[PDB]
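[1] give me coordinates for this.
(one chain, ligands or ions: 1)
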Amino acid sequence: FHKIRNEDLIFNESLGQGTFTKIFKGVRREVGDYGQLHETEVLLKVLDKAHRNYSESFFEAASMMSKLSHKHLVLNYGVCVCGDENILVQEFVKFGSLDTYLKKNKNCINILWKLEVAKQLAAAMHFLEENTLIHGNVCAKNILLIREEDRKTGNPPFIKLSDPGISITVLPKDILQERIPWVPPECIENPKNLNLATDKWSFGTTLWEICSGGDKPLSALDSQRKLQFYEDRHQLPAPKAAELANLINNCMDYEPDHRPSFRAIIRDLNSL
Ligand SMILES: Nc1nc(Nc2ccc(S(N)(=O)=O)cc2)nn1C(=O)c1c(F)cccc1F
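    Residues are numbered from 1 along each chain as shown. Here you go, the structure:
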């Protein structure tokens, strides 16, 4: 990972929180191509000092996303570990997280938009599966909108997948339970069961989000009732716009070995 100096980073407005992290929009002063000076918008993820003991996992996440290069994977510029800080320096995606966008733009997102976004995410996950690289936290909040759909020029929307953050393999059990139903049942049973099939399940949950105008599945259930939801083998209800409900349920198969490959997922999406 490229080391960025604290003096080249300016912290601006807060953009919320992650798991044991605080998030800020910022600026990186840098020498760019041809020796030109740039002051570039960046996204700064800051591990909580009180949780410094997660630093390794915190950075492993980013390392995962930077192992390979792909048009649908967020770019990491580097890290800042000056002083007592553990900072990830990431590309700033103009239009933010997909769940927020879906909530704010419900009455203007049709099935074609959601189908294109789903195909793009499936392409990213197929790229990861071919490379046998586990993401571990596919969710609408970790999908970032680079470009809005412009039906006046035919331009589709364009999305990227962000980093998964601290792995579910080291997170406390109560956080994992709160992450039902993105975390698959075999990972509630044993977080060391993290596997490629995990991302197929979570991809299903993410499709549910995309089709549900940004609602969170099972948000009305507390952690104990989410646990029991998995124990009684329930599936998510079909979204009102149910065009993708069969694919959602096929991805959210309680048998991990039965979840379809992302190539079959993509064929399914293209058939619609
Ligand atoms: N890499 C990245 N870029 C952005 N851009 C962004 C974020 C929020 C807004 S706004 N005004 O709240 O709607 C506008 C632009 N986010 N981002 C992330 O990794 C990220 C994430 F994945 C989840 C949550 C927060 C994040 F910050």
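[2] all strands for the stretch 101-250 of the chain, in order.
    Taking DSSP state E, counting those that start in this stretch, the strands of the stretch 101-250 of the chain run over residues 143-147, 158-161.
[3] so residue 43, which of the three states?
    strand (DSSP: H, G, I helix; E, B strand; the rest coil).
[4] let's have the chain start at 3 instead
    Understood, numbering begins at 3; the last thing we discussed is residue 45.
[5] for it, name its beta-bridge partners.
    Beta-bridge pairing of residue 45 under DSSP bridges involves residue 27, residue 92.
[6] most tightly packed of the strands of the stretch 103-252 of the chain?
    With neighbours defined as mean count of other C-beta atoms under 10 Å, the strands of the stretch 103-252 of the chain peak in mean count at strand 160-163, which reaches a mean of 22. All C-beta atoms are positioned from the backbone trio N, CA, C, and that covers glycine.
[7] report whether that strand contacts the ligand.
    No: judged by C-beta under 6 Å from any ligand atom, strand 160-163 makes no contact with the ligand; its nearest approach is 8.0 Å.
[8] helices and strands around that strand, which ones?
    Using 3 or more C-beta pairs under 8 Å, 6 or more residues apart in numbering; DSSP states H and E, the elements in contact with strand 160-163 are helix 113-132, strand 145-149.
[9] now residue 15: how far from residue 274?
    39 Å (C-beta to C-beta, to the nearest Å).
[10] burial check on the residue lying closest to residue 262 once chain neighbours are set aside, number of neighbours?
    Of all residues not flanking residue 262 in the chain, residue 252 sits nearest, at 6.0 Å (C-beta to C-beta, 6 or more residues apart in numbering). Here the number of neighbours of residue 252 (other C-beta atoms under 10 Å) works out to 16.
[11] might you report the residue contacts of residue 252?
    Counting by C-beta atoms under 8 Å, 6 or more residues apart in numbering, residue 252 touches 206, 261-262, 270.
[12] and of those, the nearest to residue 240?
    Lowest distance from residue 240 to the contacts of residue 252 (C-beta to C-beta) belongs to residue 206, with 12.3 Å.
[13] flag every residue of the stretch 103-252 of the chain that's near the ligand.
    Residues of the stretch 103-252 of the chain lying near the ligand (C-beta under 6 Å from any ligand atom): 143-144, 146, 164.
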